[PDB]
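*Asks:* Here it is, the structure, as structure tokens.
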Amino acid sequence: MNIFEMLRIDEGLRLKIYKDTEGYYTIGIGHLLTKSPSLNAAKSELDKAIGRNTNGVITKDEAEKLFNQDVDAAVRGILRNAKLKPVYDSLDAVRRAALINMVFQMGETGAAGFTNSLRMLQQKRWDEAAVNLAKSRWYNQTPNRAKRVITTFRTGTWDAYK
Ligand SMILES: [Cl-]
Ligand SMILES: [Cl-]
């Protein structure tokens with residue numbers, strides 16, 4: 001298991017524009033297009049992202065290309081974030097993937113907002129962090145996915161994804 005496979009399980013793969021859990025226009029493997037309610041605005045952002053007139057549909061290869069870019073960006077966002085970098089550096093390989101997953105889903109700002117959890121993770125207080133992570137809108141809104149990430153942080157294994 002790895003970050004790519006993990007996120008592919010969590011986000012799915014859709015080749016036509018769709019609405020995410022928050023009702024936002026998305027495509028491929030969890031690639032957010034826009035928060036705007038307009039499909040046209042979505043189609044426009046899509047074409048600009050792909051470099052062609054897509055008519056709201058992309059191929060598997062195009063989806064994967066967006067995905068590679070998105071993962072790279074998440075990582076890079078973590079490394080540039082003063083609150084995130086230190087935690088990431090302190091963690092083992094498996095838990096690093098859990099942190100990338102959160103950043104991919106909620107953005108650097110959102111993840112960085114988990115001040116208390118981050119500190120606990122940095123202290124390697126697994127059970128406490130898991131409890132704290134659960135007291136969030138994130139957990140209440142997408143509980144199954146949140147549980148998978150939380151277990152990953154808690155155990156340092158991929159058990160929740162097998
Ligand atoms: Cl893009
Ligand atoms: Cl969920």
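Scheme for the structure tokens: letters A, B, ... for chains in order shown; per-chain residue numbers from 1; ligand numbers from 1 in order shown.
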Please identify every polymer residue within 10 Å of ligand 1, using only C-alpha atoms and all ligand atoms, and present the set as a JSON list (two decimals) with N, CA and C atoms, in the first residue's frame.
*Replies:*
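Everything below was put into selection21.json:
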[["chain", "number", "residue", "atom", "x", "y", "z"],
["A", 31, "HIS", "N", -10.23, 15.63, -7.66],
["A", 31, "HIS", "CA", -9.68, 16.92, -8.06],
["A", 31, "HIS", "C", -10.76, 17.98, -8.07],
["A", 32, "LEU", "N", -10.75, 18.84, -7.06],
["A", 32, "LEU", "CA", -11.73, 19.92, -6.96],
["A", 32, "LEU", "C", -11.59, 20.92, -8.11],
["A", 33, "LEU", "N", -12.67, 21.22, -8.77],
["A", 33, "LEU", "CA", -12.57, 22.13, -9.87],
["A", 33, "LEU", "C", -12.84, 23.56, -9.42],
["A", 45, "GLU", "N", -12.84, 25.74, -15.77],
["A", 45, "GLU", "CA", -11.70, 25.38, -14.96],
["A", 45, "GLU", "C", -11.18, 24.06, -15.45],
["A", 46, "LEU", "N", -12.09, 23.14, -15.80],
["A", 46, "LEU", "CA", -11.60, 21.85, -16.28],
["A", 46, "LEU", "C", -10.70, 21.95, -17.54],
["A", 47, "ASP", "N", -11.19, 22.70, -18.52],
["A", 47, "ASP", "CA", -10.48, 22.82, -19.78],
["A", 47, "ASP", "C", -9.14, 23.46, -19.61],
["A", 48, "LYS", "N", -9.12, 24.45, -18.74],
["A", 48, "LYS", "CA", -7.89, 25.12, -18.41],
["A", 48, "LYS", "C", -6.90, 24.15, -17.71],
["A", 49, "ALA", "N", -7.43, 23.24, -16.92],
["A", 49, "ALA", "CA", -6.57, 22.32, -16.21],
["A", 49, "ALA", "C", -5.99, 21.24, -17.11],
["A", 50, "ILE", "N", -6.78, 20.83, -18.08],
["A", 50, "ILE", "CA", -6.39, 19.76, -18.99],
["A", 50, "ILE", "C", -5.69, 20.26, -20.23],
["A", 51, "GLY", "N", -6.00, 21.47, -20.59],
["A", 51, "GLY", "CA", -5.40, 22.03, -21.78],
["A", 51, "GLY", "C", -6.15, 21.64, -23.06],
["A", 65, "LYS", "N", -3.09, 12.06, -14.31],
["A", 65, "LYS", "CA", -2.13, 13.16, -14.39],
["A", 65, "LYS", "C", -2.50, 14.24, -13.36],
["A", 66, "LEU", "N", -3.79, 14.59, -13.27],
["A", 66, "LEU", "CA", -4.24, 15.55, -12.25],
["A", 66, "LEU", "C", -3.90, 15.02, -10.85],
["A", 67, "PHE", "N", -4.09, 13.74, -10.70],
["A", 67, "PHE", "CA", -3.85, 13.07, -9.41],
["A", 67, "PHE", "C", -2.39, 13.17, -9.02],
["A", 69, "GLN", "N", -0.31, 15.37, -9.96],
["A", 69, "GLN", "CA", -0.03, 16.76, -9.61],
["A", 69, "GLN", "C", -0.54, 17.12, -8.23],
["A", 70, "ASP", "N", -1.74, 16.61, -7.91],
["A", 70, "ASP", "CA", -2.36, 16.93, -6.65],
["A", 70, "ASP", "C", -1.61, 16.34, -5.45]]
*Asks:* Produce as a tab-separated table (two decimals) with N, CA and C atoms, in the first residue's frame the set of residues near ligand 2, where near means within 10 Å with only C-alpha atoms and all ligand atoms considered.
*Replies:*
chain	number	residue	atom	x	y	z
A	10	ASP	N	-9.92	6.13	-1.16
A	10	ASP	CA	-10.75	7.13	-0.51
A	10	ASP	C	-11.56	8.05	-1.42
A	11	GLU	N	-11.03	8.39	-2.56
A	11	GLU	CA	-11.70	9.35	-3.42
A	11	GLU	C	-12.44	8.75	-4.58
A	21	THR	N	-18.80	15.58	-1.80
A	21	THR	CA	-19.61	15.44	-0.58
A	21	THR	C	-20.12	16.75	-0.07
A	138	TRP	N	-14.93	17.43	10.27
A	138	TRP	CA	-14.35	16.47	9.32
A	138	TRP	C	-14.85	15.05	9.60
A	139	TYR	N	-14.71	14.63	10.87
A	139	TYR	CA	-15.16	13.30	11.29
A	139	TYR	C	-16.68	13.14	11.20
A	140	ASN	N	-17.40	14.18	11.62
A	140	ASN	CA	-18.87	14.10	11.57
A	140	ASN	C	-19.43	14.08	10.15
A	141	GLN	N	-18.79	14.80	9.25
A	141	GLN	CA	-19.26	14.85	7.85
A	141	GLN	C	-18.88	13.63	7.01
A	142	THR	N	-17.64	13.14	7.14
A	142	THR	CA	-17.21	11.95	6.37
A	142	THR	C	-16.56	11.02	7.37
A	143	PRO	N	-17.40	10.41	8.14
A	143	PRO	CA	-16.97	9.51	9.20
A	143	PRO	C	-16.22	8.23	8.74
A	144	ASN	N	-16.64	7.59	7.65
A	144	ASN	CA	-15.97	6.38	7.28
A	144	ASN	C	-14.56	6.65	6.83
A	145	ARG	N	-14.39	7.67	6.03
A	145	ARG	CA	-13.09	8.02	5.57
A	145	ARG	C	-12.25	8.54	6.73
A	146	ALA	N	-12.84	9.42	7.53
A	146	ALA	CA	-12.10	9.93	8.69
A	146	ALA	C	-11.61	8.77	9.58
A	147	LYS	N	-12.48	7.78	9.84
A	147	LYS	CA	-12.10	6.62	10.66
A	147	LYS	C	-10.90	5.89	10.08
A	148	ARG	N	-10.88	5.78	8.75
A	148	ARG	CA	-9.75	5.08	8.13
A	148	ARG	C	-8.42	5.82	8.36
*Asks:* Nearest to residue 112 (chain A) among A:25, A:88, A:18, A:4, with distances taken over only C-alpha atoms: which residue is it?
*Replies:*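 Nearest candidate to residue 112 (chain A) out of A:25, A:88, A:18, A:4: A:88.
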*Asks:* How many Å separate CA of residue 105 (chain A) from CA of residue 75 (chain A)?
*Replies:*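 Interatomic distance here is 12.3 Å.
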*Asks:* To test your reading of the structure, identify every residue in region 8-65 of chain A that backbone DSSP assigns to strand (DSSP E), and report it as a PyMOL selection string.
*Replies:* chain A and resi 14-19+25-28+31-34
*Asks:* Go ahead and write the residues just picked, C-alpha atoms, as a PDB file, in the first residue's frame.
*Replies:*
ATOM      1  CA  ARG A  14     -14.894   9.494 -11.982  1.00  0.00           C
ATOM      2  CA  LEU A  15     -14.395  10.565 -15.536  1.00  0.00           C
ATOM      3  CA  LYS A  16     -17.292  12.945 -15.774  1.00  0.00           C
ATOM      4  CA  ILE A  17     -17.711  16.154 -13.730  1.00  0.00           C
ATOM      5  CA  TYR A  18     -19.476  15.309 -10.455  1.00  0.00           C
ATOM      6  CA  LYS A  19     -20.379  16.881  -7.163  1.00  0.00           C
ATOM      7  CA  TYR A  25     -17.761  20.412  -8.806  1.00  0.00           C
ATOM      8  CA  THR A  26     -15.004  17.823  -8.974  1.00  0.00           C
ATOM      9  CA  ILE A  27     -13.578  15.323 -11.443  1.00  0.00           C
ATOM     10  CA  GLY A  28     -11.167  12.339 -11.632  1.00  0.00           C
ATOM     11  CA  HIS A  31      -9.682  16.919  -8.059  1.00  0.00           C
ATOM     12  CA  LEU A  32     -11.730  19.921  -6.962  1.00  0.00           C
ATOM     13  CA  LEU A  33     -12.574  22.135  -9.871  1.00  0.00           C
ATOM     14  CA  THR A  34     -14.388  25.044  -8.240  1.00  0.00           C
TER      15      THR A  34
END
*Asks:* Quick one: distance from CA of residue 80 (chain A) to CA of residue 149 (chain A) in Å, one decimal?
*Replies:* 22.2 Å
*Asks:* May I ask for the distance between CA of residue 39 (chain A) and CA of residue 68 (chain A), given in Å to one decimal place?
*Replies:*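 For CA of residue 39 (chain A) relative to CA of residue 68 (chain A), the distance reads 24.4 Å.
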*Asks:* Tell me which protein, DNA and RNA residues are within 12 Å of residue 110 (chain A), counting only C-alpha atoms, leaving out same-chain ones fewer than 5 positions away, and put them as number ranges by chain.
*Replies:* A: 77-78, 81, 83-84, 99, 102-105, 115, 136-138
*Asks:* For N, CA, C and O atoms, I'd like the residues from the last selection saved as a compact mmCIF listing (two decimals), in the first residue's frame.
*Replies:*
# COMPACT_ATOMS: atom_id res chain seq x y z
N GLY A 77 3.01 21.30 -0.12
CA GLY A 77 2.35 22.20 0.78
C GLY A 77 2.73 21.88 2.21
O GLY A 77 2.92 22.75 3.04
N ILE A 78 2.79 20.60 2.52
CA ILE A 78 3.19 20.21 3.87
C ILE A 78 4.61 20.73 4.17
O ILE A 78 4.90 21.27 5.24
N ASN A 81 4.78 24.39 5.01
CA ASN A 81 3.99 24.87 6.11
C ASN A 81 4.68 24.71 7.45
O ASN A 81 5.11 23.63 7.84
N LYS A 83 3.58 24.81 10.37
CA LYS A 83 2.96 24.02 11.37
C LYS A 83 2.97 22.60 10.97
O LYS A 83 3.03 21.71 11.80
N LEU A 84 2.94 22.36 9.68
CA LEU A 84 2.87 20.98 9.24
C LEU A 84 4.21 20.26 9.11
O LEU A 84 4.32 19.08 9.37
N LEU A 99 -1.14 11.89 6.95
CA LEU A 99 -1.13 13.35 7.00
C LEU A 99 -1.29 13.88 5.59
O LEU A 99 -1.99 14.86 5.37
N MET A 102 -4.99 13.75 4.73
CA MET A 102 -5.78 14.86 5.28
C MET A 102 -5.53 16.14 4.49
O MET A 102 -6.46 16.92 4.22
N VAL A 103 -4.26 16.43 4.14
CA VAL A 103 -3.96 17.66 3.41
C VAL A 103 -4.61 17.67 2.03
O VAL A 103 -5.07 18.68 1.57
N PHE A 104 -4.65 16.54 1.40
CA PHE A 104 -5.24 16.43 0.09
C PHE A 104 -6.72 16.72 0.14
O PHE A 104 -7.30 17.43 -0.65
N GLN A 105 -7.37 16.20 1.15
CA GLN A 105 -8.82 16.39 1.29
C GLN A 105 -9.24 17.77 1.72
O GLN A 105 -10.18 18.32 1.20
N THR A 115 -4.52 22.07 15.41
CA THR A 115 -3.48 22.37 16.33
C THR A 115 -3.21 21.40 17.41
O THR A 115 -2.09 20.97 17.60
N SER A 136 -14.36 16.75 15.37
CA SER A 136 -14.20 17.69 14.29
C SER A 136 -15.36 17.58 13.33
O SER A 136 -15.99 16.52 13.18
N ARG A 137 -15.58 18.64 12.60
CA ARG A 137 -16.61 18.58 11.56
C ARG A 137 -16.24 17.49 10.57
O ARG A 137 -17.07 16.75 10.06
N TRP A 138 -14.93 17.43 10.27
CA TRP A 138 -14.35 16.47 9.32
C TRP A 138 -14.85 15.05 9.60
O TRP A 138 -15.38 14.37 8.72
*Asks:* Point out the residue among A:71, A:1, A:106, A:87 with the least atom-to-atom distance to residue 22 (chain A), counting only C-alpha atoms.
*Replies:*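 Looking at the shortest contact to residue 22 (chain A), the residue is A:106.
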*Asks:* Excluding residue 153 (chain A) and any residue of its chain fewer than 6 positions from it, enumerate the residues within 12 Å of it, using only C-alpha atoms, and give them as a PyMOL selection string.
*Replies:* chain A and resi 88+91-102+117-118+120-122+124-134+146-147+159-160
*Asks:* Kindly save the residues from that selection, with N, CA, C and O atoms included, as a compact mmCIF listing (two decimals), in the first residue's frame.
*Replies:*
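New file selection02.txt:
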# COMPACT_ATOMS: atom_id res chain seq x y z
N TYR A 88 5.25 16.24 10.15
CA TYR A 88 5.54 15.31 9.07
C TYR A 88 6.92 14.70 9.26
O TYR A 88 7.13 13.50 9.14
N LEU A 91 7.16 11.95 11.88
CA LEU A 91 6.43 10.70 11.70
C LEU A 91 7.11 9.62 10.88
O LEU A 91 7.95 9.91 10.03
N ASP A 92 6.62 8.39 11.03
CA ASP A 92 7.09 7.26 10.25
C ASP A 92 6.40 7.28 8.90
O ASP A 92 5.51 8.08 8.68
N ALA A 93 6.81 6.41 7.97
CA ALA A 93 6.28 6.42 6.64
C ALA A 93 4.77 6.25 6.49
O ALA A 93 4.13 6.95 5.69
N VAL A 94 4.19 5.33 7.27
CA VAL A 94 2.78 5.11 7.17
C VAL A 94 1.97 6.32 7.63
O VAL A 94 1.04 6.78 6.96
N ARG A 95 2.31 6.84 8.78
CA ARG A 95 1.60 8.00 9.32
C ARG A 95 1.77 9.19 8.45
O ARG A 95 0.88 10.00 8.36
N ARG A 96 2.92 9.33 7.79
CA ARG A 96 3.11 10.46 6.84
C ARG A 96 2.03 10.43 5.77
O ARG A 96 1.50 11.47 5.38
N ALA A 97 1.74 9.22 5.29
CA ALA A 97 0.70 9.07 4.29
C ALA A 97 -0.64 9.53 4.85
O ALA A 97 -1.41 10.15 4.14
N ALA A 98 -0.90 9.29 6.14
CA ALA A 98 -2.17 9.73 6.70
C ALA A 98 -2.27 11.24 6.69
O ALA A 98 -3.34 11.82 6.50
N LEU A 99 -1.14 11.89 6.95
CA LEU A 99 -1.13 13.35 7.00
C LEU A 99 -1.29 13.88 5.59
O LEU A 99 -1.99 14.86 5.37
N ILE A 100 -0.68 13.22 4.62
CA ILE A 100 -0.85 13.69 3.24
C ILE A 100 -2.33 13.60 2.85
O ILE A 100 -2.94 14.52 2.26
N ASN A 101 -2.94 12.49 3.22
CA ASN A 101 -4.36 12.27 2.92
C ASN A 101 -5.20 13.39 3.46
O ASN A 101 -6.03 13.93 2.75
N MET A 102 -4.99 13.75 4.73
CA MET A 102 -5.78 14.86 5.28
C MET A 102 -5.53 16.14 4.49
O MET A 102 -6.46 16.92 4.22
N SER A 117 -4.29 18.23 17.78
CA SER A 117 -4.02 16.89 17.29
C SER A 117 -2.61 16.77 16.78
O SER A 117 -1.95 15.75 16.97
N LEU A 118 -2.19 17.82 16.10
CA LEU A 118 -0.85 17.89 15.51
C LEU A 118 0.20 17.77 16.60
O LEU A 118 1.18 17.06 16.50
N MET A 120 -0.16 16.41 19.47
CA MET A 120 -0.20 15.08 20.03
C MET A 120 0.47 14.12 19.09
O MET A 120 1.08 13.16 19.52
N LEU A 121 0.29 14.34 17.81
CA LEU A 121 0.92 13.40 16.88
C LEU A 121 2.44 13.56 17.01
O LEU A 121 3.25 12.63 16.99
N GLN A 122 2.85 14.80 17.10
CA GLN A 122 4.24 15.06 17.20
C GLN A 122 4.80 14.43 18.46
O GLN A 122 5.95 14.00 18.50
N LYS A 124 3.78 11.64 19.63
CA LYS A 124 3.60 10.21 19.54
C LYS A 124 2.61 9.66 20.58
O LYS A 124 2.71 8.51 21.04
N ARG A 125 1.62 10.49 20.93
CA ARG A 125 0.55 10.07 21.82
C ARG A 125 -0.60 9.63 20.91
O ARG A 125 -1.54 10.38 20.67
N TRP A 126 -0.49 8.41 20.37
CA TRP A 126 -1.43 7.89 19.39
C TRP A 126 -2.92 7.86 19.74
O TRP A 126 -3.76 8.38 18.99
N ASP A 127 -3.24 7.25 20.85
CA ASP A 127 -4.62 7.16 21.26
C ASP A 127 -5.21 8.50 21.57
O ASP A 127 -6.34 8.80 21.18
N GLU A 128 -4.42 9.38 22.19
CA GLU A 128 -4.98 10.67 22.47
C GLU A 128 -5.26 11.45 21.22
O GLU A 128 -6.26 12.15 21.11
N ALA A 129 -4.34 11.38 20.27
CA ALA A 129 -4.55 12.12 19.03
C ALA A 129 -5.80 11.64 18.29
O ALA A 129 -6.55 12.41 17.72
N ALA A 130 -5.99 10.33 18.29
CA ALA A 130 -7.10 9.72 17.60
C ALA A 130 -8.42 10.20 18.18
O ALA A 130 -9.39 10.45 17.47
N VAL A 131 -8.44 10.37 19.49
CA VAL A 131 -9.65 10.84 20.11
C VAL A 131 -9.91 12.29 19.72
O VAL A 131 -11.02 12.68 19.37
N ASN A 132 -8.86 13.08 19.77
CA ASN A 132 -8.97 14.50 19.43
C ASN A 132 -9.34 14.71 17.96
O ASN A 132 -10.10 15.59 17.57
N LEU A 133 -8.76 13.91 17.10
CA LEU A 133 -9.03 14.06 15.69
C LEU A 133 -10.51 13.87 15.41
O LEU A 133 -11.07 14.48 14.50
N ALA A 134 -11.15 13.01 16.22
CA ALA A 134 -12.55 12.70 16.00
C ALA A 134 -13.52 13.82 16.38
O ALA A 134 -14.66 13.81 15.96
N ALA A 146 -12.84 9.42 7.53
CA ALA A 146 -12.10 9.93 8.69
C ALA A 146 -11.61 8.77 9.58
O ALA A 146 -10.47 8.75 10.03
N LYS A 147 -12.48 7.78 9.84
CA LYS A 147 -12.10 6.62 10.66
C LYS A 147 -10.90 5.89 10.08
O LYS A 147 -10.03 5.40 10.84
N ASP A 159 -3.89 -1.38 8.12
CA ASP A 159 -5.00 -2.28 8.38
C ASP A 159 -6.37 -1.79 7.95
O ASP A 159 -7.19 -2.59 7.51
N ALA A 160 -6.62 -0.51 8.05
CA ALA A 160 -7.94 0.01 7.72
C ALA A 160 -8.16 0.02 6.24
O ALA A 160 -9.25 0.28 5.78
*Asks:* Here is a test: counting only C-alpha atoms, which residue of A:86, A:151, A:135, A:54 is nearest to residue 119 (chain A)?
*Replies:*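 Among the listed residues, A:86 lies closest to residue 119 (chain A).
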*Asks:* Please identify the helix (DSSP H, G or I) residues within region 13-125 of chain A (assignment by DSSP from backbone atoms) and present them as a VMD selection string.
*Replies:* chain A and resid 39 to 50 60 to 80 84 to 90 93 to 112 115 to 122
